[PDB]
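Here's the structure we're looking at; comments come further down.
There are 2 protein chains.
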Amino acid sequence: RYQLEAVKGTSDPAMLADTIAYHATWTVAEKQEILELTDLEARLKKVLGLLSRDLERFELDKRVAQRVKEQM
Amino acid sequence: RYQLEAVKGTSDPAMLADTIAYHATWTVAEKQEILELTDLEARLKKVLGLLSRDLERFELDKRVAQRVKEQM
Numbered sequence: 432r433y434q435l436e437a438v439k440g441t442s443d444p445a446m447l448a449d450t451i452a453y454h455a456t457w458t459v460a461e462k463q464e465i466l467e468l469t470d471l472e473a474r475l476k477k478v479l480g481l482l483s484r485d486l487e488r489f490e491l492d493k494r495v496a497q498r499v500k501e502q503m
Numbered sequence: 432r433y434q435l436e437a438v439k440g441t442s443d444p445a446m447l448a449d450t451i452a453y454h455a456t457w458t459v460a461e462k463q464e465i466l467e468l469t470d471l472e473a474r475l476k477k478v479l480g481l482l483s484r485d486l487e488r489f490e491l492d493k494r495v496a497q498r499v500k501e502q503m
């Protein structure tokens with residue numbers, strides 16, 4: 432994650448969405464969609480919803496993991 | 432924001448009332464039934480009752496949008 436922290440001076444939002452949208456691997460084809468999109472706010476709210484479902488399933492994974500340890 | 436300039440310029444409230452009733456696009460028969468009523472009371476109450484309904488519809492569409500994004 433130093434690859435984002437060295438490009439903080441670039442304030443181009445569609446380019447940073449192409450960066451962070453690349454720096455998270457959910458699906459290569461939807462990253463091809465985002466990398467080829469014209470609109471910037473659409474790809475920004477898309478990456479927000481993707482990080483939403485990602486961190487939400489992370490927390491569901493932690494819930495199931497504690498469930499398993501307690502059943503142990 | 433150039434329709435708000437004709438309602439913030441002068442202080443005569445009848446001209447402001449008719450230009451707020453004109454800046455809200457509606458159906459022709461409702462405009463004729465507003466035209467049948469000579470006072471400003473019932474017609475501005477009708478415009479209020481429809482614009483508040485418009486506010487409810489926009490806020491309902493936004494709430495449905497956020498709940499659908501989280502649900503999906």
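Protein chains in written order, with this note's numbering: chain A, 432 to 503; chain B, 432 to 503.
Built from N, CA and C at the ideal position, the CB exists for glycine as well.
Assuming the contact rule is C-beta atoms closer than 8 Å, residue i and residue j should be a hit. Round their C-beta distance to whole Å, please.
i, j, result
"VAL459 (chain B)", "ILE451 (chain B)", "Going by Cβ atoms, the distance from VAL459 (chain B) to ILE451 (chain B) rounds to 18 Å, so no, they are not a contact pair."
"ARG474 (chain A)", "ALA448 (chain A)", "5 Å"
"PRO444 (chain A)", "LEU466 (chain A)", "Not really, about 14 Å apart at Cβ, beyond 8 Å."
"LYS493 (chain B)", "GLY480 (chain A)", "15 Å between Cβ atoms; not a contact."
Starting from residue i and walking both ways along the alpha helix (DSSP H), at which residues does that stretch end?
i, result
"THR450 (chain A)", "444 to 453"
"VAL438 (chain A)", "Here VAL438 (chain A) belongs to no alpha helix (DSSP H), and DSSP marks it neither H nor E."
"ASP470 (chain B)", "Here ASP470 (chain B) belongs to no alpha helix (DSSP H), and DSSP marks it neither H nor E."
When you compare the CB of residue i with every CB in chain A, is at least one pair closer than 8 Å?
i, result
"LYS500 (chain B)", "yes"
Beta-carbon within less than 8 Å of residue i's beta-carbon, same chain only, minus the 5 sequence neighbours each way: which residues are those?
i, result
"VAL478 (chain A)", "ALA448, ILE451, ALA452, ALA455 and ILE465"
"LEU468 (chain B)", "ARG474"
"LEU482 (chain A)", "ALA455"
"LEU435 (chain B)", "none"
Given the structure, does residue i come close to the ligand FAD, in the sense that its CB is under 7 Å from one of the ligand's heavy atoms?
i, result
"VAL499 (chain A)", "Among the components of this structure there are no ligands whatsoever, and the ligand FAD is therefore not found."
Determine, using beta carbons only, whether residue i comes closer than 8 Å to chain B.
i, result
"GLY480 (chain A)", "yes"
Once the 5 residues before and after residue i are set aside, which same chain residues still bring their CB inside 6 Å of it?
i, result
"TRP457 (chain A)", "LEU481"
Note down, in chain order, each residue of its chain lying with its Cβ closer than 7 Å to the Cβ of residue i, except the 5 sequence neighbours on either side.
i, result
"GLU487 (chain A)", "none"
Segments of 4+ residues assigned as alpha helix (DSSP H) that fall wholly inside the stretch 457 to 502 of chain A: 459 to 466 and 471 to 502
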